[PDB]
Amino acid sequence: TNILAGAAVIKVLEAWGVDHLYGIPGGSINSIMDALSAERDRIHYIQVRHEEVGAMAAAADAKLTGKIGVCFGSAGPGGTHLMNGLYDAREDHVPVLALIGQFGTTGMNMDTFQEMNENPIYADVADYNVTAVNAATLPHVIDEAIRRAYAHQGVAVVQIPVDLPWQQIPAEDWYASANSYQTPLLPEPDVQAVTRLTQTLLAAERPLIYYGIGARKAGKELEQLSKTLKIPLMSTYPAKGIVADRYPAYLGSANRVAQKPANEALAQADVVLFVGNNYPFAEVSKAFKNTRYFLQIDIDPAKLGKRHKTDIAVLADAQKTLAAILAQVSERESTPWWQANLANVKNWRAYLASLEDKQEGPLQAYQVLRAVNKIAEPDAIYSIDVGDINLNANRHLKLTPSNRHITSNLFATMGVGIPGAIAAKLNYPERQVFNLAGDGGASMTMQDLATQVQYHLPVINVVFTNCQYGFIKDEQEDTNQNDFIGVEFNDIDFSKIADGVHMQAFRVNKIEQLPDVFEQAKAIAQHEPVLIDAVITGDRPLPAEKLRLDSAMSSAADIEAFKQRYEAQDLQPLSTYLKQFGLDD
Amino acid sequence: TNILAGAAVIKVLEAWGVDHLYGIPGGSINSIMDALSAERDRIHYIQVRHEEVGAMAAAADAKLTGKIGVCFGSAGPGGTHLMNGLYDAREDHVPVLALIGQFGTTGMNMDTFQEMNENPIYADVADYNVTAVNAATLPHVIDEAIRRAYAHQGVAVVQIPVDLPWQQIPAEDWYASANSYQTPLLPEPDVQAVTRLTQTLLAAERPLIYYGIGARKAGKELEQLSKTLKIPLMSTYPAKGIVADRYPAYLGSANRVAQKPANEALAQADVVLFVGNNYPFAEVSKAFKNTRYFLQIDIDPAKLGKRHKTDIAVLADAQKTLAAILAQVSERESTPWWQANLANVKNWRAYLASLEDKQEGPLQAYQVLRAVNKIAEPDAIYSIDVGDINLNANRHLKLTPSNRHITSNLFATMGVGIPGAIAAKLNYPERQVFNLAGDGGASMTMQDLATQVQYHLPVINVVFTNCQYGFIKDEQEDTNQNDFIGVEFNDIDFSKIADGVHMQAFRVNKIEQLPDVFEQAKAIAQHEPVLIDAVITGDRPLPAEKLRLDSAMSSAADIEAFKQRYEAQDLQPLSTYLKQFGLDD
Amino acid sequence: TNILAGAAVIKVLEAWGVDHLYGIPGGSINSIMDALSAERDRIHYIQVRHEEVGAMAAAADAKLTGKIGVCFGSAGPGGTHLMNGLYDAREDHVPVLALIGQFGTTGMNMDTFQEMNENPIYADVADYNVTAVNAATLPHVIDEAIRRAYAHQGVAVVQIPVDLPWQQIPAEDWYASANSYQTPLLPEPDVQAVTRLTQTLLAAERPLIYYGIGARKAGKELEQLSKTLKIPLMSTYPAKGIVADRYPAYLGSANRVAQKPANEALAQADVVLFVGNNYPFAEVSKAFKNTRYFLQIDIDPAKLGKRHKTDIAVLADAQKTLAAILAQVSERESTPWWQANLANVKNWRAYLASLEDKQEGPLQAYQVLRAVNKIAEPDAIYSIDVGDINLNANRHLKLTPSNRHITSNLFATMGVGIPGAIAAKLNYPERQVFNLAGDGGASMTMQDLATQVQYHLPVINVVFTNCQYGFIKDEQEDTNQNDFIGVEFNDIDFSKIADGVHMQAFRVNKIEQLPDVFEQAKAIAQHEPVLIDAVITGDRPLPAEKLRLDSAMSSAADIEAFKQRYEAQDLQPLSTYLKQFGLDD
Ligand SMILES: Cc1cc2nc3c(=O)[nH]c(=O)nc-3n(C[C@H](O)[C@H](O)[C@H](O)COP(=O)(O)OP(=O)(O)OC[C@H]3O[C@@H](n4cnc5c(N)ncnc54)[C@H](O)[C@@H]3O)c2cc1C
Ligand SMILES: Cc1cc2nc3c(=O)[nH]c(=O)nc-3n(C[C@H](O)[C@H](O)[C@H](O)COP(=O)(O)OP(=O)(O)OC[C@H]3O[C@@H](n4cnc5c(N)ncnc54)[C@H](O)[C@@H]3O)c2cc1C
Ligand SMILES: Cc1cc2nc3c(=O)[nH]c(=O)nc-3n(C[C@H](O)[C@H](O)[C@H](O)COP(=O)(O)OP(=O)(O)OC[C@H]3O[C@@H](n4cnc5c(N)ncnc54)[C@H](O)[C@@H]3O)c2cc1C
Ligand SMILES: Cc1ncc(C[n+]2csc(CCOP(=O)(O)OP(=O)(O)O)c2C)c(N)n1
Ligand SMILES: Cc1ncc(C[n+]2csc(CCOP(=O)(O)OP(=O)(O)O)c2C)c(N)n1
Ligand SMILES: Cc1ncc(C[n+]2csc(CCOP(=O)(O)OP(=O)(O)O)c2C)c(N)n1
Ligand SMILES: [Mg+2]
Ligand SMILES: [Mg+2]
Ligand SMILES: [Mg+2]
C-alpha cells in the first residue's frame, strides 16, 4: 500500500546490486540514515572518518569491479569534502553516485543554518546534478542518476532535502530499471581496415605496439602478436600488468613514471600501433615526432586521431581487432630491432636488480619493494598513492594479469592509498591487499587507518618515509633558481600513528631488518591490518626522461656524473645495442 | 629595468601587509614557490600537511585580524582540497585570497596531465574568479583580487599558469594600490530615528536587547544600557564575550547552542531590540512569534527587516547608535522583569556550577572545561571546532572582552580547531591559545598537529573523546525511528597520535586526574605544544530547546525524567520567578 | 485566513512600489499570469513581442528611476531570451528582478517537455539566483530577491514551479520588508585628505577634472570649481549632461566615442582629479601615462587606486567632497592653460556646427542630429542604441541637467534603443522621448515598435540607415589586412516596417527634407509614436583618437588627406593654441 520514500530509495540501490556505501551522518541526511538502519542486513554502510575517503573509496569500487560506487555527505561541508574523490572518478571515467544532504523544503532559501543553494557546487564535476523536490519521484530520480553514471561513465549527484525520505509514497508506483541494464554485442571489425592495418605493421622496420588500459582484455593477443611478429611491447603506466612484467620484450611505460627501454625505443620507432591508449603527454613531450606511420584502434570516436596525425584509425574493440590481426600473420624471424631491444631490456633489469639486491646498511625505496615482492601473493591487489611511489612501483613490482593495481591516474590526488585498499578488501576479502603510500600522501588520509581497524580489513600498509615531498623536490631541482622551499618537513612516526588507531605496526630503516618484518606482516595480515613504516633515504630515482648516457648527445663529464649519482655504471644506451646488431641511430 | 612577474606578485602581497601564507608545492605552482624562496625573510610561508588546513587557517587569519588571509594549492587536487576553507570564508564573510596552480599556457586545453579548465571549479564560492593569461597584467590581477576580497568581504581566486611567473616584465609598470586603502568615516545616526527607537524601548514592559557580532565594538554601551534601563541582554553564540560572561543579566544565546534563560525570556519578551544580528534560526524556529515590536539597527541595507517584520529599522553603526540611545536615557528602578530574569540566571549558573564542580569518578565534558577555565589567561584565544563542544564551550567558558573565540559559524565545517589555533598563534605569539575539539572533528585534520610542532607554535590542544559524533547521536535520538547508525565508532588514542608527530601529550579519564595534567600542560605550552585527550562519558547535555520543567506544559512524569537524566533537580522554570515577582506567563 | 501564494507574491511587488513589468505568457508561468490578471488595476503588465526587450526595458526602468526593473520569462526559451537585458543590468549595475517559469515540482527531474534544471543557466549573471521549492516561503523568497538586488545593485533571479503559485498559504504568514528599506550610507570626507588634495590641485600648471556618473548630484559644484579655479572639465561619455554641453570649458569625453579637446588636453595634463569615474579604457589606452599626480574620489573602496596609482584617494561622496574643496578656495585668474583650452573648444565646436548647418545636399548623420536638436524640448529623454550613434549623439546633442540619456554602457548590446524608449515613456509620459538607433541596432528589436503602438507610447523613433554596421567597418579599415567582410548589407525600409506595425513613418535622404519632416514628427508624437528613417551616407566620423593634424607629428600628405576626408580644413591642433599662450606641448 504506501512505502516511505527513503525505503524505496535503498531498495533501488539494492536492485542495482550496491553492496556497500560510505558516508558520515548529519542532521541533513538523517532520513536516509534511518532507511539504511532498517536494511543494515542487506546493504553495508561503511562509516569513514573523513568524507573524501568515502568518495575516493567509492571511485576505487567502480575501478575494481565495474559496478557503481556510492558515497554520501551531509549538507555544506559534508558534501564539499567529497570533491577530491568525485574529481578522481570524473577523470578516471568510472561510475560514482553521491548523495548530498540538504535542509528540508520548508526551510530551503530561508537562509537558515548550513543551508545554501547546493546545486552550483556540483555542476562542474557531475554528469547529472539535481536537487530532488518531490518524494514520489525520488526513487525514479535515483534510478535516473545510476543509469546515466553507468551510461556516461561519470559522476551523478543528487541533493536530497531531508524531509522527503520520511514521506509516504504509494509502494506500487516506483521501480528500479536494473532489470533492463545490458552490455552491447558489438560488430566484428571490418576486415579491410584490419588488413590495411596489418600490411603497414608488417612492412615496418622498427615497429612498436603501444597499448593502454583499453586493451585490458587483449593480454594474450598482445603477447602472441609481439613474439610472432617480433614487435616490442610498451604501455601506459596503468596498463602495467596486462602483459606480465617478466615478458622479455615488455619495454615499460614512457616519460617520467617510466622505464629507460620504453623511452629510447619510442624515439627510434618508425611505425607505432597505438591501441586503446590516451597518453596525456603525447603532444607536450613531442613523443611521436619521429614516427612515420601512426595506426590507432579505439572504441571511442572522440579519440580518433586526437594525439597525433593518424594514418589509419579503426573504430573497434581492441581485443577483437588484435585477434583478427593475429589470425592473418605468420612467424617472422628475429630482426636486429627485436634483438637490440631484448638486450637493452636485459641491461635495464640487471640495473634494477642490483639496486633491489643490496643486503645491508641504509634503507632505500628499491629494497622495500623487493621485500614487498617477496611476500606478495600471485593475485594481490595494490592501492598505490601518488608521488615517487608511482615511479618506483612501476619499476619494481613484478605484476601478472591476476594482479590489480590502482591509483589516481589523471587527476592524481594524493591520499588514495588508504581508501583504495579499504574498497579492495571490501570487494575481495580473500585477496591480499597492499597500500603503498609515500609519507605526504599517507598523512593526508591517515585518520582512516582507524576504518580498516573498525571493519576488520586485513590490509598491508607500507609507508615510505623520506621526510619529503620527493616528487616535487626533484622538480624544483630541475626548474627552480632559488633554494628548495616547502619540500622537506618534520618526521611523523607512522607506527605510533598506527598504534593510536590500535593497529599493529613496525618501523624499519636498515635493509637487513626487512625480511623478518615482512614475514611478520604477511602473517598478521591473515587476520588483522598491519603497517610498516620504512624510513628511507632521500635518493633521487634515475630520471628516465633525462638520460645522460650517450657519448654523442651528452659530454663525458655529464655521463660520469649521471652514472655516479644514479649507481648506473653498468647501464648502456640503446645505441650500443643498435650498432651491435647493425642498425644506426 | 625588468623584474620577474612572480617577484612583482610577492611584492604586491608584501605591500598589502601579508605576513604569512599557507600551501603545499607542486609542479603547477613552482614558479610562485621560487619567488617565495627569495623573499623568505619578508613573507613567511607555512607548509601545511593538507591544503584544507591552509585554506581554513587563512580564513581564521582574517577572522582574528581583519586582514586578508592567503593560501594556495597546486592544480586539480591541490586546489579542490581548499574547498572547506574557502566556503567557511564565504559564509563567515571574511576576506581570503587563494592562488591555484595551472599548467603553462603552452599546454592548457591540450588534455595533458592534471590539466583541466579550472575556472568552473571556483565559480560558486568566489566573488572574483579569474585565470591569468598574461604575465605583465598579473601584478594588477593580484592587486584586483585583494581589493575586491576586502571590499566585498569574500573569496577571490586566481588560477595562474606556471610559466607566467617566470617571465620578465618591466619593473616600472606594476604597482600595488595598498596605499589607497581606507576606512569610511560614516555619518552619525539620524537623531529622530534614534529618538523613535528609544521611546518604544522605554515603554516596553518585558524588553530585550538581542545583539550579534555587529555590536563587537559596543560592549560598554550594551552593558550600561542594560543596567541603566533594566533590560536583560542576550546574544548570538559568536557574540559571546562582547559583554563579560559573569555579567548578571547576560542570558546567553538562544536555540540549541544555547542557554536556558535566553530561550525562556525570548518567548515572554514584548519588544526586542535586534542589534547587528543575523540569527539563521529566526524564521524556522518562529523565535519572534510573540514579539509585539521589533526594532533593528544594522549597517547593511540587505538585512533590514529580513528576519522579521520590523517596526523601526535604523541603518547605522551599532556602537554609534547605542551611544546615542544611552545619551538620552536615565535610570529606571528594578522592574519585575529585571528581577525575575536575574533570579533565573542565578538558578541556571548554579546548575552549571554543580556539574563543573564534581571532584571524583567518571570524566564528563563539564569538568574538563572547568579545568580549562582554571589555567586560562585573561586574554587567551580559543579555536573551537564543531559539534557538542560549541554547546558546552558556550555554557562553561567564562569569557571577557579581552578573549577571542573562533569556529566555523555558519558553514560549520568540522576540522577548524587545529588550523584556527595555528593562525591564532602565528598572529599572536604571546597570547595563550587553546584548541577545543571533539574526537570526530579532530581526526579530520589530525595530520596538521605536526605543523604546530614544525613551526614551534605552543598551542594547548584538548580533544574530547566520546567515541561518538555526539551532536548527531542526539539528533538521531530525536528524529529517527530505527536504531542509531553511523554515530558511535572505534577509539583513537590521541596521545599516541600526538607522540607520533613528536608532541607531548596526556590522556585522562577521571575527574581527579585533571588538575595536575592541566598544570603540566600550562607549563609545557610556555615553549612547546601539548595535547590532552580527555576520555569522557557519552552523556547528552541538557537540551535547552526541549525543556520539560513547567508543570503547565509538561506532565510530572516528563519533568521527573528530564530532571533525572540531566541532573537538573534544582532547576526552576522561568514561570516560578515570573509568578514570584507578580508577572503572569 | 488563506491566500494563494501567487496573490501574496504580487502583493509583495505592489508593496515595493512596482508599477509595471514586462514578459510573454507561457504554461510554466501561467499561475503568475493568473495572479496578475486579478491585480490588473493595481499593477500593470506590458506584453512584449520578444523577451530580451522585456529584460532591456526592466533594466532601463532602474536606470531612469533608480527603482527595480521587473521582468519575466517562461521555462527554457522564454528565460534564455532575457540574457542580453540581464547582463546589461549586471554590467551597468542596476537592480532587476527576473522571474523564470519552471515545470511543477511533480514533473521536475522527470525529463518531461521543456523541463530542465534551470538554476545553472542564471548563476553567472545573478547576484541572487534560486529555485523556489515551497509555496509558503515563496513571498519571502521574492522579498529577499528585491532586497538583495537593491542592496547589491545587480540582478536577482527566482525560478518558480508553476504549481506553487496556485497553492493556498496562510495570509497571516507573509510580509514584505519594503517599509524598512534604506539606501546605503554615504561616507564623509576627511578634511585633512581634502586639504592635501586641494593643495596639489592648486599647485598644478595644467590641471583637469575628469568625472563620471558618480558625480551625478554634483553638477553645480563641478561647474563652479571649474570657473573659480580656472580648470577645464572632461567626463566619461555617460556623464555628458551633468554639466551643460554649452559650458565653454567642457572638453568632452576621451578615446573613440570622444571629442577632440578632451583627448588632446588629457595628454598635456600634469594633475588629474578623478571623481566618481571608472573609465574602462585607462590602462589599455595608456591614458594617464604622462599624469604626474593622480587624485581620486569614490564611494567604493574596490575602485581606489584601480585605474592608475593614486597619490591622494578620498573615500567619500563626490558632492560632499567637491563642496568641501570649493569652500577652501578663492577666485584665481585666467592662466595660459585655461585660455589655450577655451580656444581649442571654440575651434572644435565651430567645426561641428559647419557639418550641422549644411542646407542642401545628400543627408549625413550630422544634419539629422541638428534636426533632432531643433525639435527637442529642454527635458527630453534620449534612448540611444550602440554603434556610431553613440559617437555622433555625444558630439551633436546639446544636453543640460534637465535631460536624461540611456544606452548599454559597458555590455554595449545593440537592440536597446527601442526598449529604453518604451520604459522612458512609461515612467515619464509628460516628457518627449527619443529613440536614436542605427539600422543594425534597430533591426534586432524592430518587432517591438508594435509595443509602442499597442500601449500608445508616443516615442519619436529615428533610424540612421547607412546599410552598414558603420562602427565595425571603420574598425576593419584600421586593423584588417584583407577585404571588408560582414559590414555592408541590404537595405530595410523602416518606414514600411513601421507601416506594418501601424505606426506613422517617413523616409528622408536629402538635407532639405528634414525641417518639415521633423516638424510633422514633433506634432504626431504629441499623441502617437512616429518613426523617421534617415537614409544617410557612409562617411566615417572624425576619429578623435587618430588626429592627423599636427605638422610636427604627421606628414603634410597625411594631414591634407585627413582634412579633406573629414571636412576638417579649419581644425587646429591644441599645439597652435598652446603656442599662442606661451606654452610648450
Ligand atoms: C604521479 C603520476 C604520474 C604519471 N606519469 C605517467 C607517465 O610518466 N607515463 C605514463 O604513461 N602515464 C603516467 N601517468 C598516468 C597518466 O596520467 C594517464 O592516466 C595514462 O597514461 C592513461 O593510460 P591509458 O591510455 O592506458 O588509459 P585511459 O586514459 O583511461 O584511456 C583508455 C583508452 O582506451 C580506450 N578504450 C577503452 N576500451 C577500449 C576497448 N575495449 N577497445 C578499444 N579502445 C578502448 C578508451 O577509449 C581510451 O581512449 C601518471 C599517473 C600518476 C598518478
Ligand atoms: C554547531 C553550530 C551550531 C550553532 N548553533 C547556534 C545556536 O543554536 N544559536 C545561535 O545563536 N547560533 C548558533 N550558531 C551560529 C549561527 O550559525 C550564526 O552564524 C550566528 O547566529 C550569527 O551571529 P551574528 O548574528 O552575531 O553574526 P553574523 O551572521 O556574522 O552577522 C553579523 C550582523 O551584524 C551586522 N553588522 C556588522 N557590522 C555592524 C556594525 N558595525 N553595526 C551594525 N550592524 C553591523 C552585519 O551586517 C550582520 O547583519 C551555531 C554555530 C555552530 C558552529
Ligand atoms: C559603443 C560604446 C563605446 C564607448 N566608448 C567610450 C569612450 O570612448 N569614452 C568613454 O568615456 N566612454 C565610452 N563608453 C562608455 C564606457 O564603456 C563606460 O561605461 C564609461 O566610461 C563608464 O563611465 P562612468 O565612469 O561615468 O561610470 P561607471 O563605470 O558606472 O562608474 C561610476 C563610478 O562612480 C563611482 N561612484 C558612484 N557614486 C558615487 C558617489 N556618490 N560619489 C563618488 N563616487 C561615486 C562608482 O563607484 C564608480 O566608481 C562607450 C560606450 C559604448 C556603448
Ligand atoms: C592533494 C594533493 N596536493 C598536492 C599534490 C601535488 N603533489 C604531487 S606528488 C607530491 C609529493 C608526494 O610526496 P610523498 O607522498 O611524501 O612521497 P614521495 O614523493 O616523497 O615519495 C605532491 C605534493 C597532489 N597531487 N595532491
Ligand atoms: C566535514 C563535516 N562533516 C560532517 C558534518 C556534520 N556534523 C556536524 S556535528 C558532527 C559530529 C561532531 O562529532 P565530534 O567532533 O566527535 O564531537 P562530539 O559531538 O562527539 O563531541 C557532524 C558529523 C560537518 N559539519 N562537517
Ligand atoms: C548584440 C550585439 N551584437 C554585436 C555587437 C557588435 N557591434 C558593435 S557596434 C556594431 C555595428 C553597429 O551597427 P548599426 O547599429 O547599424 O550602427 P552604425 O555603426 O552603422 O551606425 C556591432 C555589430 C554588439 N555590441 N552587440
Ligand atoms: Mg614523501
Ligand atoms: Mg565526538
Ligand atoms: Mg548601421
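Residue numbers begin at 1 in each chain, while the letters A, B, ... track the order of the sequences. These numbers come from the heavy atoms of this one structure, side chains and all, not from hydrogens, waters or symmetry mates.
- Of the options A:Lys303, A:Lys306, A:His308, a side chain to side chain contact (heavy atoms under 4.5 Å, CB included) to A:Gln296 is made by A:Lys303 and by none of the others.
- Contact annotation: the side chain of C:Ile24 approaches that of C:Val48 to within less than 4.5 Å [non-hydrogen atoms, C-beta and beyond].
- Of all non-hydrogen atoms in B:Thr112 and A:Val284, the two that sit nearest each other are OG1-CG2, 3.3 Å.
- Among residues two or more places apart in sequence or in another chain, the salt bridge (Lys or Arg N to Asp or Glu O under 4.0 Å) test is passed with C:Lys63 by C:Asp88, C:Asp92.
- Between the side chains of C:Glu264 and C:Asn341, no donor-acceptor pair is found at a separation under 3.5 Å.
- With hydrogens and angles disregarded, a donor-acceptor distance shorter than 3.5 Å links the side chain of C:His50 to the backbone of C:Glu52.
- For residues 530-573 of chain C, the ring-ring contact (aromatic ring centres under 6.0 Å, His included) pairs, not counting sequence neighbours, are C:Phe562-C:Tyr566.
- When the side chain to side chain contact (heavy atoms under 4.5 Å, CB included) test is applied to C:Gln504, the partners found at least two apart in sequence or on another chain are C:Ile524, C:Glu528, C:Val530.
- With sequence neighbours excluded, the residues that form a ring-ring contact (aromatic ring centres under 6.0 Å, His included) with C:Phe411 are C:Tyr87.
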Run the numbers on C:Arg507 and C:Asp533 for salt bridge (charged side-chain N to carboxylate O under 4.0 Å, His left out), then give the verdict. CA-CA 5 Å; C:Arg507 171 94 154 163; C:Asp533 188 0; 2.9 Å; yes
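- A salt bridge between C:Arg565 and C:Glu477 is present, with a side-chain N of the basic residue lying under 4.0 Å from a carboxylate O of the acidic one.
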Output, in order, the C-alpha distance, side-chain angles, deciding distance and verdict of salt bridge (charged side-chain N to carboxylate O under 4.0 Å, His left out) for C:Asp570 and C:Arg349. CA-CA 11 Å; C:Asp570 295 333; C:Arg349 293 195 190 168; over 6 Å; no
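- C:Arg404 contributes a side-chain N or O that, together with a main-chain N or O of C:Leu64, makes up a donor-acceptor pair within less than 3.5 Å.
- With 3.5 Å as the limit, one finds a donor-acceptor pair spanning the side chains of B:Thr105 and B:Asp163.
- A side-chain donor-acceptor contact under 3.5 Å links C:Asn509 and C:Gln513.
- For the residue pair C:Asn394 and C:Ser253, a side-chain donor N or O sits within less than 3.5 Å of a side-chain acceptor on the partner.
- In this structure C:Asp245 satisfies the side-chain hydrogen bond (donor to acceptor under 3.5 Å, both in side chains) test together with C:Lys240, sequence neighbours excluded.
- C:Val517 meets the side chain to side chain contact (heavy atoms under 4.5 Å, CB included) test with C:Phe506, C:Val508, C:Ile532; sequence neighbours excluded.
- Every residue meeting the side chain to side chain contact (heavy atoms under 4.5 Å, CB included) condition with B:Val130, not counting sequence neighbours, appears here in chain and number order: B:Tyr128, B:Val141, B:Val158.
- In this structure C:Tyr366 satisfies the ring-ring contact (aromatic ring centres under 6.0 Å, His included) test together with C:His396, sequence neighbours excluded.
- Partners of C:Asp388 by side-chain hydrogen bond (donor to acceptor under 3.5 Å, both in side chains), not counting sequence neighbours: none found.
- The side-chain hydrogen bond (donor to acceptor under 3.5 Å, both in side chains) test applied to C:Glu51 returns C:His81, not counting sequence neighbours.
- Note on A:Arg307 versus B:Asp111: no salt bridge recorded, every NZ/NE/NH1/NH2 to OD/OE distance being 4.0 Å or above.
- The two residues C:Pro261 and C:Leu251 make their nearest non-hydrogen contact at CB-O, 3.8 Å.
- Remark: C:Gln476 engages C:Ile472, C:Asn480, C:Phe484, C:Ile485, C:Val487 in a side chain to side chain contact (heavy atoms under 4.5 Å, CB included) (not counting sequence neighbours).
- Of the candidates C:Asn435, C:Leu397, C:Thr407, C:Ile406, C:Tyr382 forms a side chain to side chain contact (heavy atoms under 4.5 Å, CB included) with just one, namely C:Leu397.
- Using a 4.5 Å cut-off on side-chain heavy atoms (C-beta onward), B:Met108 and B:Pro161 make contact.
- Crowding of B:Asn109 atom CG: a count of heavy atoms from other residues, nucleotides or ligands under 6.0 Å not exceeding 12.
- Of the possible polar contacts, none joining the C:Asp385 side chain to the C:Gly438 backbone as a donor-acceptor pair under 3.5 Å is found.
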Before you tell me yes or no, could you show the steps for C:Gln367 and C:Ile536 under side-chain contact (heavy atoms from CB on, under 4.5 Å), namely the whole-Å CA-CA distance, both residues' side-chain angles and the distance that decides it to 0.1 Å? CA-CA 10 Å; C:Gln367 299 77 25; C:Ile536 60 166; over 6 Å; no
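- Only one option out of C:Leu352, C:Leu391, C:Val345 pairs with C:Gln259 in a side chain to side chain contact (heavy atoms under 4.5 Å, CB included); it is C:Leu352.
- Under 4.0 Å is where a charged nitrogen must lie from a carboxylate oxygen, and between A:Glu283 and A:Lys289 no such pair does.
- Side-chain contact check for C:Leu547 versus C:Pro573: every heavy-atom pair is 4.5 Å or farther apart.
- Evaluation of the ring-ring contact (aromatic ring centres under 6.0 Å, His included) rule for C:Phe274 yields C:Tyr210, C:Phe288, C:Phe294 as partners, not counting sequence neighbours.
- In the model, C:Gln364 has a side-chain atom that pairs as donor or acceptor with a side-chain atom of C:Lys358 under 3.5 Å.
- Checking side-chain atoms of C:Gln359 against main-chain N and O of C:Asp357 turns up a donor-acceptor pair under 3.5 Å.
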